[PDB]
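> Chains as they are written, first to last, in PDB author numbering: chain c, 24 to 310; chain D, 39 to 70; chain U, 320 to 820, 871 to 917; chain C, 19 to 57; chain V, 487 to 525.
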Amino acid sequence: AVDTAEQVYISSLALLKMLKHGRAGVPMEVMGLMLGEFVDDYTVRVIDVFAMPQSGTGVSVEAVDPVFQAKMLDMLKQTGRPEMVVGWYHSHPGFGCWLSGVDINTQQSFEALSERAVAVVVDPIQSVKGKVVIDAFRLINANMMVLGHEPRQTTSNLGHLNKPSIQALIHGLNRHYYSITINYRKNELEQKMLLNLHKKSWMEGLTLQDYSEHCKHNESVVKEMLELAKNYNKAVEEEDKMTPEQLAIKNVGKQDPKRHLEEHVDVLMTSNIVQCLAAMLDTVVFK
Amino acid sequence: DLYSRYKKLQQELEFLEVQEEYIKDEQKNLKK
Amino acid sequence: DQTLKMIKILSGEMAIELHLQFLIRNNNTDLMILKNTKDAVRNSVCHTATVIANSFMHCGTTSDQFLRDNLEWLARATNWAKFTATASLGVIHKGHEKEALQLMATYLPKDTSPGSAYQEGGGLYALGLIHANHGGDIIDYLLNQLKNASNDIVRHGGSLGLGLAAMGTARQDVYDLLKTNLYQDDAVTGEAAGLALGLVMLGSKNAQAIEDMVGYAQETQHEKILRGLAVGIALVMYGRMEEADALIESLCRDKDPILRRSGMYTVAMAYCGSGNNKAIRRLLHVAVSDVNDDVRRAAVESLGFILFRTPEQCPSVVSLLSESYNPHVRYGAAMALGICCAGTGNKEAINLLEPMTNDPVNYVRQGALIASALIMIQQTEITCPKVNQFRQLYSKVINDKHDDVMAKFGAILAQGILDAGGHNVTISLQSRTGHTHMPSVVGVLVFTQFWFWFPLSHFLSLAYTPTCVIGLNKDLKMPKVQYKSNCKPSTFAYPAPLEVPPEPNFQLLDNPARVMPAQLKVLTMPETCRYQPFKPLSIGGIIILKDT
Amino acid sequence: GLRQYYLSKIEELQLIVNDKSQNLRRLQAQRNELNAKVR
Amino acid sequence: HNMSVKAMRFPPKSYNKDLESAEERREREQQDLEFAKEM
Ligand SMILES: [Zn+2]
């Protein structure tokens, strides 16, 4: 059996393929295949994902083309390196993750060949940075549900760590499928070559930033900063009055001078000191 | 005894120095 | 004699079977508690949770009636609960040579041959559990079966039980099959080889074997092999104070969070009970700086392991961390209290652990109940009044249907912790001399890892130590002494179950008499008996009682 | 001269206590409001 | 400015209890979510 500690290892590339293909045709439930080496009974490490084109108009996971996966399967055999199909995916777009009654059917057609095929949902809207909405599931036997027998026989405090959603709890995530705790495989070969390359300037800070308009902007803030300092010459004067919790609710229609004031101090400071120092290095460096 | 009255008082200086450094690090890490 | 002296004082069996004598004479437990926990029949952890609880509360007493009441509810859960079922029997028969092979004669792997190779494969686990730190025919009997066996299903219990029986012994013969146990290129042998490989080399710092272990744990692709070695390279060095710091820097410098975490266990074991300023700089620092949760949990759980010498000081700094942002440092904080102050009824630490069960995270509610169990063992209402305040609480959280199985798992575990040995055994990482008790240190550190293997925290019977004075006059003869006490007598209170279907301070005590370590000072010396102790009576255990 | 040697250490270390403890009890409430904001 | 920062963090004091939500209302919210899961 299983010990509900299954520990799926994937990649740093397949998630990129999942967000790209799940995002490009995003309002339709797009799908495809998962092409990775099946490591031993607990874990699975899927190192590649290749996408399948759709069938027709309509949000569905319609069918597979074994002409296409046969030709594509042996294509990288004689181009790149051999791998092995293990799983498959689809994409609940703006939903989250579960197994629908359509999804569990083609899931059921894929567990028959290998019993440890993987059901994978990606959710490319509700993801921001630390969220991705993946939660790879797999079917449980409904025969054992009729038996009233609780499966999966926990031997490790490793699976009951993430709490399932109430929306997937509405569905048959457990009564018909289970969650798997995952992580990601990265290395210093990948960390540096994406850290050192994403947001990098060239010679930009070694400029003067529109030398006539820097000081012009330096009045274009200060001028209304005077009147905002007059609001700071206004709002302090109704203190020692009604208690400041009323000064918390009461100020939701009209602006405060306090926060808006220290905002422009930061703006005018950072707008000036940078152009100041960058102006003075070039005197030394250039002659 | 009275010889413990400075050794046991510098033991809490060994224990006392680290704390401002620890909350000094938590000054930035709560922002981060 | 002086020729038999080395057998009397170096094998030391007359504390082993005499503590076993104290357990076969002193047994105050309850069936009604396990009948209360009987009502949760479902195919979840609960079977292993009950059969781990009676093993926790029946350590070394050889009482097979809480297991022999049925067969079907015991053998209901499968595939590792029978591994656990044959695992739990050896703690019940701990410290006894005879009733090891003869009761498990059913459970030899070549007699019955059932469909479960774990009921028959996990026996040698318990054979290591009985004869931990007792090297005899258990080494070579647990070695020759391991020369030719099945896959890593009998090799788990044989390898862990073999390294446990050969713990800290530096034996080349167990290092032999632990090499070929190590280089299997397999995941399921990772716990099998990685833990015992350090167990047999405890405190050895064999730098060629360190180079083999951390040199091997760089290219493998599985995680259990990266986990057993993570504790093993911590366990090969023990109490060095400077002789590991370049290695802690090396493992902490690595990008592997598991190996930085292993550097945290290794700096936890290189500074056992040690108030050293240098280790607690980076120890506390990486507890700030690091981003994986596991290394942060071990990092905040290094604190009581390096500072259990003074239990007054860690509630000043870990209370500060109980309100951390993540439930991992919130979780390891409560267990840092539970490893620092577990020997004392620390009213301050209970004051800290009171709101810890209120947090909406199930496992910090859990470890709140584990540390809440460790804080007050063998304590009846007068060291601190929160004992019976929590007796209703573990029942309160175990008899709800809407609770988590994990949240009640600290309760069903906490019953076996809390009623251990008939209130005859206790935890002690510390002797009266000042030297720490290293199998209880290894027992609690190995007891930490129930996350990644459930009977890996079955390694706890090394921590259960008695509190019983023993009188003696010859090599074998028991004396007849009956001394008494002076202070407030209610401190000698009992568990006293309820069983629903003018105050004596002269407590006369026999030779196998339980007593609290706080009650070591309240007693009266025997002055009117025929026997008079030549030793000033300050420590428990066994003493000469000179017949005058 | 034990009154003017050993007891002269009692009077000095307390002055370091009297303001470094104030530094801590300031700084930890300063931590505590922000941690309440975090959770 | 820095003196108005450093002469300022002593009235942080008596910050007694930042209770998360409750215990009774948390168990009642778990019971209401249990009714939502049963429904
Ligand atoms: Zn779907």
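Cβ coordinates follow ideal geometry from the N, Cα and C atoms, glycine included.
Residue ranges of each alpha helix (DSSP H) run of no fewer than 4 residues wholly in the segment 693-772 of chain U, ordered along the chain?
705-717, 728-737, 757-766
> Straight-line CA distance for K62 (chain D) to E55 (chain D)?
If you number the second sequence from 1, residue 62 (chain D) lands on position 24. If you number the second sequence from 1, residue 55 (chain D) lands on position 17. For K62 (chain D) and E55 (chain D), the distance between alpha carbons rounds to 12 Å.
> Which of helix, strand or coil does DSSP assign to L20 (chain C)?
Indexing the fourth sequence from 1 puts residue 20 (chain C) at position 2. Collapsing the DSSP output to three states places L20 (chain C) in coil.
> Write down the C-beta distance between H113 (chain c) and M54 (chain c) rounded to the nearest angstrom, noting that I regard them as a contact closer than 8 Å.
Your numbering for residue 113 (chain c) matches position 90 in the first sequence. Your numbering for residue 54 (chain c) matches position 31 in the first sequence. About 4 Å separates the two Cβ atoms, so the contact holds.
> Is it the case that the segment 427-447 of chain U contacts the segment 397-408 of chain U, given that we only count it when at least three CB pairs across the two stretches are under 8 Å?
yes
> Could you please give the first and the last residue of the uninterrupted beta strand (DSSP E) stretch that includes residue 359 (chain c)?
Outside the shown range of chain c, which is 24 to 310, sits residue 359 (chain c), and nothing can be said about it.
> Let me know the alpha helix (DSSP H) ranges lying completely inside the segment 207-247 of chain c, each 4 residues or longer, listed in chain order.
211-218, 236-243
> In angstroms, rounded to a whole number, what distance separates the CA positions of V706 (chain U) and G477 (chain U)?
As a first step, residue 706 (chain U) is located in the third sequence; it is residue number 387 there, counting from the start. As a first step, residue 477 (chain U) is located in the third sequence; it is residue number 158 there, counting from the start. The alpha-carbon atoms of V706 (chain U) and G477 (chain U) are separated by roughly 39 Å.
> Within its chain, find whatever has a CB closer than 6 Å to the CB of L779 (chain U); leave out the 5 residues flanking it on each side and keep chain order.
The residue you call residue 779 (chain U) lines up with position 460 of the third sequence. Taken in chain order, the residues that qualify are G762, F766.
> If you run the structure through DSSP and keep just helix, strand and coil, what is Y32 (chain c)?
Along the first sequence, read from residue 1 onward, the residue named residue 32 (chain c) stands at position 9. Correct three-state label for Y32 (chain c): strand.
> For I449 (chain U), I'd like the list of residues in its chain whose CB is within less than 7 Å of its CB, leaving aside the five on either flank, ordered along the chain.
Numbered from its first residue, the third sequence carries residue 449 (chain U) at position 130. Within the same chain, Cβ atoms closer than 7 Å to the Cβ of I449 (chain U) are found at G409, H412, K413, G414, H415, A419, the five residues on either side in sequence being excluded.
> Would you say residue 11 (chain c) touches ligand 1, meaning its beta carbon is less than 6 Å from a heavy atom?
Within the shown structure, residues of chain c are numbered from 24 to 310, placing residue 11 (chain c) beyond reach of any answer.
> Are the C-beta atoms of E642 (chain U) and some chain C residue less than 7 Å apart?
Along the third sequence, read from residue 1 onward, the residue named residue 642 (chain U) stands at position 323. It does: the Cβ of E642 (chain U) has a partner Cβ on chain C nearer than 7 Å.
> Could you check whether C633 (chain U) and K666 (chain U) sit closer than 7 Å to each other, using their CB atoms as the reference points?
For the purposes of this step, residue 666 (chain U) is taken as residue 347 along the third sequence, with counting starting at 1. For the purposes of this step, residue 633 (chain U) is taken as residue 314 along the third sequence, with counting starting at 1. No, Cβ-Cβ distance for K666 (chain U) and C633 (chain U) is not below 7 Å.
> Quick one: what does DSSP say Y200 (chain c) is sitting in, helix, strand or coil?
Residue mapping note: residue 200 (chain c) aligns to position 177 of the first sequence, counting from 1. Reduced to three states, the DSSP call for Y200 (chain c) is strand.
> Is DSSP giving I205 (chain c) helix, strand or coil here?
Position 182 of the first sequence holds residue 205 (chain c). Three-state DSSP puts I205 (chain c) in a strand.
> Using the beta-carbon of each residue, which ones in chain U are nearer than 7 Å to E173 (chain c)?
To locate residue 173 (chain c), count along the first sequence from 1; it is residue 150. Under the 7 Å cutoff, chain U gives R361, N362, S363.
> Determine the chain V residues that contact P646 (chain U) at a beta-carbon separation under 8 Å, and present them in chain order.
For the purposes of this step, residue 646 (chain U) is taken as the residue at position 327 of the third sequence. The contacting residues do not exist; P646 (chain U) stays about 12 Å from chain V at best.
> Run through DSSP, which three-state label would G153 (chain c) get?
Here residue 153 (chain c) refers to the residue found at position 130 when the first sequence is read from its first residue. The three-state reading of DSSP puts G153 (chain c) in coil, since its state is none of H, G, I, E or B.
> Taking 6 Å as the cut-off, is the C-beta of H199 (chain c) nearer than that to any heavy atom in ligand 1?
As a working note, residue 199 (chain c) is residue 176 in the first sequence. Not under cutoff, so the answer is no.
> Excluding sequence positions up to five away, which residues of its chain have a Cβ less than 8 Å from the Cβ of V884 (chain U)?
Residue 884 (chain U) sits at position 515 when you count from the first residue of the third sequence. Answer for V884 (chain U): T786, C787, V788, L878, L892, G909, listed in chain order.
> In terms of residues, what are the limits of the beta strand (DSSP E) holding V108 (chain c)?
Translated into positions along the first sequence, residue 108 (chain c) becomes position 85. Per DSSP, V108 (chain c) belongs to the beta strand (DSSP E) from 108-113.
> Use the C-beta contact count for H487 (chain V): other C-beta atoms within 10 angstroms, 16 or more gives buried, fewer gives exposed.
The sequence position of residue 487 (chain V) within the fifth sequence is 1, counting from 1. Exposed, because fewer than 16 other Cβ atoms sit within 10 Å of the Cβ of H487 (chain V).
> Under 7 Å, do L889 (chain U) and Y900 (chain U) count as touching if we go by C-beta distance?
Taking the third sequence and counting its residues from 1, one reaches residue 889 (chain U) at position 520. Taking the third sequence and counting its residues from 1, one reaches residue 900 (chain U) at position 531. Going by C-beta atoms, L889 (chain U) is not nearer than 7 Å to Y900 (chain U).
> Within a Cβ cutoff of 6 Å, which residues of the same chain sit near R628 (chain U), ignoring the five residues on either side of it in sequence?
Taking the third sequence and counting its residues from 1, one reaches residue 628 (chain U) at position 309. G592, listed in sequence order.
> Using the C-alpha atoms, what's the distance from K209 (chain c) back to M216 (chain c)?
Taking the first residue of the first sequence as position 1, residue 216 (chain c) is located at position 193. Taking the first residue of the first sequence as position 1, residue 209 (chain c) is located at position 186. Roughly 12 Å separates the two Cα atoms.
> Using a Cβ-based criterion (distance less than 6 Å to any ligand heavy atom), does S123 (chain c) qualify as near ligand 1?
Position 100 of the first sequence, counting from 1, holds the residue named residue 123 (chain c). Yes.
> Touching or not, the segment 739-751 of chain U and the segment 370-386 of chain U, by the rule of three or more beta carbon pairs under 8 Å?
yes
> Could you tell me whether any non-hydrogen atom of ligand 1 is closer than 6 Å to the CB of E818 (chain U)?
Translated into the one-based positions of the third sequence, residue 818 (chain U) becomes position 499. It does not: the Cβ of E818 (chain U) is nowhere closer than 6 Å to a heavy atom of ligand 1.
> When you compare the CB positions of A652 (chain U) and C660 (chain U), do they come within less than 7 Å of one another, or not?
In the third sequence, counting from the first residue as 1, residue 652 (chain U) sits at position 333. In the third sequence, counting from the first residue as 1, residue 660 (chain U) sits at position 341. It is not a contact, given that the beta carbons lie outside the stated cut-off.
> Which residues in chain C sit within 9 Å of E58 (chain D), going by Cβ to Cβ distance?
To locate residue 58 (chain D), count along the second sequence from 1; it is residue 20. In chain order: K38, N41, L42, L45.
> Quick one: give me the first and last residue of the beta strand (DSSP E) that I789 (chain U) is part of.
If you number the third sequence from 1, residue 789 (chain U) lands on position 470. 787-789 is the span of the beta strand (DSSP E), which, as asked, contains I789 (chain U).
> Would you mind telling me which residues of chain U sit closer than 9 Å to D63 (chain c), beta carbon to beta carbon, in chain order?
Position 40 of the first sequence, counted from the start, is the residue given in the question as residue 63 (chain c). Per Cβ cutoff of 9 Å: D505, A506, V507, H541.
> For the segment 689-704 of chain U against the segment 722-739 of chain U, are there 3 or more C-beta pairs whose distance is under 8 Å?
yes
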